[PDB]
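Scroll down for the structure; my scribbles are underneath it.
Using ideal geometry, Cβ is built from the backbone for each residue, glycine included, and neighbour counts are taken over all protein chains shown. Rule-based calculations on the coordinates, nothing more; no lab input.
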2 protein chains.
Amino acid sequence: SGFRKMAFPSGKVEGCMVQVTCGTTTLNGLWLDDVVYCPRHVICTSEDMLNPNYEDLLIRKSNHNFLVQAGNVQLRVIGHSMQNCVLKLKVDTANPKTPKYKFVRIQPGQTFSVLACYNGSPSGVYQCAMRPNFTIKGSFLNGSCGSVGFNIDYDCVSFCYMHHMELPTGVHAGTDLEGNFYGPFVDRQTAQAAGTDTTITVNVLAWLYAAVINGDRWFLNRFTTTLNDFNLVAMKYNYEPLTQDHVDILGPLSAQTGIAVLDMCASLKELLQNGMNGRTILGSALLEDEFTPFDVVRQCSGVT
Amino acid sequence: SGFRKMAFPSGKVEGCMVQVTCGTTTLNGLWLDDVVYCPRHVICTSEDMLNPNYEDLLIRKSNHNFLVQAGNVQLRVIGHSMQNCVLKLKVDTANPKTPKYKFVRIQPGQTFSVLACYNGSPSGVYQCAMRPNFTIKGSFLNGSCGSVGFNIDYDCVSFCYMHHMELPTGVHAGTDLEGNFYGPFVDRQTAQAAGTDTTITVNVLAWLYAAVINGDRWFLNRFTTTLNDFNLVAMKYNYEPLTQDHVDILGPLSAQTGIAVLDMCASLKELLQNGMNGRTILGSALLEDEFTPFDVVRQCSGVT
Ligand SMILES: OC1CCN(Cc2ccsc2)CC1
Ligand SMILES: OC1CCN(Cc2ccsc2)CC1
């Protein structure tokens, strides 16, 4: 019993983190097989980041300008290319700790673990969600760029996020491992405002189910609702619309608890309308939206 | 910027987790050098756990009854002893992945990371605090016993917790790695009630400082207080007394923010007396007490 914001074990990713230095900039890279992936803004001086022309800046760079260190051992760079907003540094040595891996581009509302790193060294691990506005609310200081977000399926690491920047509001933006930003953000030191940070409704419901499984039941009410009625309330509270795809995904939690998805919607409706009246659910005073239905099943079933 | 409930990178501990089987019971053990540490209740049948006599149960056990598997490779048990509530299984092979480590007995209010494991396989990592009543609020299903709590200081893992049981209230109890329970709990299937779960005041203050550093400042007020006055309020709200030792430990956070510890106490006083009026601090609607002053400095400074 008990329910925690739980990150994937980080060891498989720890074995992939290296330091990349270009001129006076040091950040993190991800060493998989004989390629090191890092943010392309590693090549940029302060003045460059006003309006950086990455193709033009890279013309001035050679293989030997990219200093790649794995622990205290230097890797030999034998090639480099830009793919969208990431650099791929070909090194002469395959990472011997390379896990089975995939590169995945996640959808908003999907959760993943971040291994926060500085100088290619891990400092900690936490669980994130891709916000509906394609920001993440991370914990990143200078030097943390190139830190990655991932999911693990038994022995296969799915890399979904590489950290590139903090917005002036202190929320975080980055790319998939093909170098494509989540959301409309660009790797430039310019005013970039995030859109509405809405609540991930399907995740809230999953977490309400987690609460019931763990014996927190005070919020279960006598009511039901419809998808359309619930959605009227959801929009009023800056909650994402709930679709039948979301209802389908909640089916196993519905089955285990015997609480119909639309009944749980009516419980969530009353919580939105009434607030929590100073009560807590799984030790939270707000409705938690950074657990997916898959996260709840996994944690509640004990998948390794 | 940003502030997250952050676990230590778990790789060094992942490399220590093995499966221990005695008869039909499988749980986790910790393989350090040529010793595997596990909960002694591995030897117990259902009927044993009413009033188990561990010395008498162990007389019926031999080395070859303890099945120890590290990944898919069996370890040869060449000796076994009981130390308090843990078994130490001497194996013929030193764990080649043994990190620099210490065994530490932590104080209530200290935080640590748990690597939740099943069949010697890691499922996830989260950050805990030892509650003032010497319980932890974990996420543990059947098979998770022998999962460990730890801190990391650069390359040295300090092991502080081994998981042994869930109380009928769904909170967790366990031992240090010398096998001594935190709190008054025993490894027996009997009514055991936890004492008052008070709030770790010094941690709340550390987290208020973290909030200020991250730009969440709405709760800072025009007031100050005294240790005695604050403590009167603290006792009324089931907060741990604050001592000058706690004030001393908050000194670096006081210094960085320029907010005197007793002023932050007066902010916390008003939050206790007034509540949060539907506002949040670092995305929490309650006062977070599972960050130590050391945790706040570490996360806010980027220690690897
Ligand atoms: O000058 C270098 C260090 C600081 N970074 C900041 C940044 C701004 C947009 S994306 C990354 C840029 C490169
Ligand atoms: O029968 C075995 C499996 C279940 N455990 C439960 C337990 C009760 C007190 S401590 C651990 C005991 C041994």
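Brief remarks follow.
- For segment B:198-301: rounded, prolate or oblate by the Cα gyration tensor [a/c cutoff 1.5]: rounded
- Inter-copy label distances at A:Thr226 (7 Å, Cα→Cβ; nm, one decimal): 6.5
- Each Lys or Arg adds one and each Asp or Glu subtracts one; over the other residues with Cβ under 11 Å from the Cβ of A:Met6, this totals +2.
- Farthest toward positive dipole pole in segment A:222-304 [+1 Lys/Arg, -1 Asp/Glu at C-beta], among A:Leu271, A:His246, A:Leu287: A:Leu271
- 3J(HN,Hα) couplings calculated from phi for segment A:139-146 with the Karplus curve 6.51 cos²θ - 1.76 cosθ + 1.60 (θ = phi - 60°) are, in sequence order, 9, 9, 9, 3, x, 8, 3, x Hz; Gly and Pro show x.
- Inter-copy separations for A:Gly71, label at 7 Å along Cα-Cβ, nm, ascending: 1.7
- Note, ³J(HN,Hα) from phi for segment A:62-71, Karplus 6.51, -1.76, 1.60, rounded to Hz, x at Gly and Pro: 10, 2, 6, 7, 8, 8, 10, 10, 10, x
- Multiplying each eigenvalue of the alpha-carbon gyration tensor of chain B by 5 and taking the square root yields semi-axes of 41, 21, 14 Å, largest first, rounded to whole angstroms.
- For A:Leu58, inter-copy label distances in nm, listed shortest first [label point 7 Å out on the Cα-Cβ vector]: 6.4
- Charge context of A:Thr199, other residues only, Cβ under 15 angstrom, K/R +1, D/E -1: -1
- Cβ-placed point charges (K, R +1; D, E -1), dipole of the protein assembly as shown about Cα centre in debye, nearest 20: 340 debye
- Paramagnetic label zone (point 7 Å from Cα along Cα-to-C-beta, B:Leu50; backbone N under 16 Å) in segment B:172-190: B:188-190
- Charge tally around A:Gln299: other residues with Cβ under 10 Å, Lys/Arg +1 each, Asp/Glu -1 each, net +2.
- Counting Cβ atoms of other protein chains within 10 Å of each Cβ in B:123-135 and taking the mean gives 4.
- Sorted by Cβ neighbour density within 10 Å, fewest at the top, the residues B:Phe159, B:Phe294, A:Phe219: B:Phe294, A:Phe219, B:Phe159
- Neighbour counts of other Cβ atoms within 10 Å put A:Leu208, A:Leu287 in the fewest-to-most order A:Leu287, A:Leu208.
- Number of partner chain Cβ atoms within 10 Å, mean per residue of A:286-295: 1
- q = 0.17, 0.20 Å⁻¹: log10 I(q)/I(0) that the Debye formula gives for segment A:15-99, counting C-alpha atoms only: -0.62, -0.84
- Rounded to the nearest whole Hz, the Karplus-based 3J(HN,Hα) values (6.51 cos²θ - 1.76 cosθ + 1.60, θ = phi - 60°) of segment A:250-260 follow the sequence 7, x, x, 6, 3, 5, 5, 8, x, 10, 3, with x at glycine and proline.
- Only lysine pairs 8 or more places apart, or on different chains, with alpha-carbon atoms under 15 angstrom apart are counted in segment B:1-143, and they number 6.
- For the protein assembly as shown, the Cα-based Rg and Dmax, in that order, read 24.9, 77 Å.
- About its Cα centre, the dipole of segment A:15-99 is roughly 180 debye, where the only charges are +1 on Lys and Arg Cβ and -1 on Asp and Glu Cβ.
- Sorting A:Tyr239, B:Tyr161 from the fewest to the most surrounding beta carbons within 10 angstrom yields A:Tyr239, B:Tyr161.
- Shown is the FRET efficiency for B:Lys100 and A:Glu270, computed with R0 = 56 Å from the Cβ-Cβ distance and rounded to the nearest 0.05: 0.60.
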